[PDB]
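Only one chain is included here, represented as structure tokens and corresponding to the form deposited in one PDB entry.
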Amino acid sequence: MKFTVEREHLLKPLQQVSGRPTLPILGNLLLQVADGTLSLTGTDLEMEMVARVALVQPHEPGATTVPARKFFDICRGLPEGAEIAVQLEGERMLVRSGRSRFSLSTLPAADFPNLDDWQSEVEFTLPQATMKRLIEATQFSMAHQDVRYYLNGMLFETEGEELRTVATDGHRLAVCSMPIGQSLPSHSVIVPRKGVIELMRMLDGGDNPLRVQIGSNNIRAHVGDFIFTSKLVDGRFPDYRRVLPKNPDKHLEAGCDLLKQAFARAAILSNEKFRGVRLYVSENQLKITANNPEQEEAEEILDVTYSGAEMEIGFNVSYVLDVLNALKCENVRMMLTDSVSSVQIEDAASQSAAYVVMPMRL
């Protein structure tokens, strides 16, 4: 195996495939020269990323694996414009550029783990911007290290012509749906949280669409010359349709920024261990109050649009701030039922994302 290529052509591929490993070979990249192509592959056993680089300078086929981070840091640390010559020499891989030389340890390409082969059952394309919107809208509501493993990822659901994401940790839920102009079978799978992250990282923001393939136990995404594949998570994800409040009859509209800053300020004098605030809803007015063990008190009064019965209801500050930060809105609609029931929250101008938040007792 032998190739020479510009540093410039390696940097993006290396960054993508490089994303303490539980087994040494999982800290290595698989390098393969075949035809006029260098392929680079990274994997953590649950997912993998493959990148391709065209070779025009003399090259020789073959394959090996080398330490990912070291190889990346070497390439990145060489000067702009550098040409990098690489050749496998028994147990080492020699990397040369200018009067810099590096000898890296190898592990056999034969050892490099592959995902058990699988079959695509559902396929579609969509714009990168759309996938980005869908993930960003809901990612923050995924569980972290919940024993209910299926909550640690994100539901991807096809229905009609829409792709939908759902995420929840049992206390708050996020759902976002976007049309993609293709008639789709109804289908639902759970992508693990590291997969969601990896998938976001491969989006750059061109009009070049993403190609998605979904199997019974895998998801694959192709964009540019990168191919990402992840295992899916087993289990029965919650049905957002049953989480949405049935009759959230009390509708309140507020400015998003004003609401956010009122929450943030009042939270300063909330309990540090469990930060929440009390909302008193009255005709065209919202009062937000916080109290702490030191008997300190914050109060914020806001003008809002609300006509309906008065009620007091408490919320975790972070849950509401997370939602407002995901909506990036001009005005927000809060749809309330009573003091002990979850609230539904949306951009006042769009129904494509919705958030459900359990109340907090204070």
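Residue numbers run from 1 along the displayed sequence. In this text, the rigid core denotes the largest set of C-alpha atoms whose superposition between the two forms falls within 1.5 Å.
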| query | finding |
| --- | --- |
| Residue gap status of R20, at least a third of other entries | yes |
| Gap size between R20 and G19, counted in deposited residues that the entry leaves unmodelled | 4 to 9 |
| Higher-B stretch (mean Cα B-factor, as the entry records it), 259 to 267 or 142 to 150 | 142 to 150 |
| Mean temperature factor over C-alpha atoms, higher-scoring stretch between 237 to 245 and 282 to 290 | 237 to 245 |
| Of the residues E83, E157, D73, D225, the one carrying the largest Cα B-factor as recorded | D225 |
| C-alpha B-factor winner, where the candidates are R96, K273, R220, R164 | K273 |
| Record-listed C-alpha B factor of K132: chain third | middle |
| Chain third (lowest, middle, highest) by recorded CA B-factor, residue given as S188 | middle |
| Record-listed C-alpha B factor of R101: chain third | lowest |
| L362, C-alpha B-factor rank within chain (lowest, middle or highest third) | highest |
| CA B-factor ranking of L88, expressed as a third of its chain | middle |
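Although not depicted, the form deposited in another entry is the subject of the following passage.
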| query | finding |
| --- | --- |
| C-alpha displacement of 2 Å or more between the shown form and the other one on the rigid core, among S186, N208, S216, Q145 | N208 |
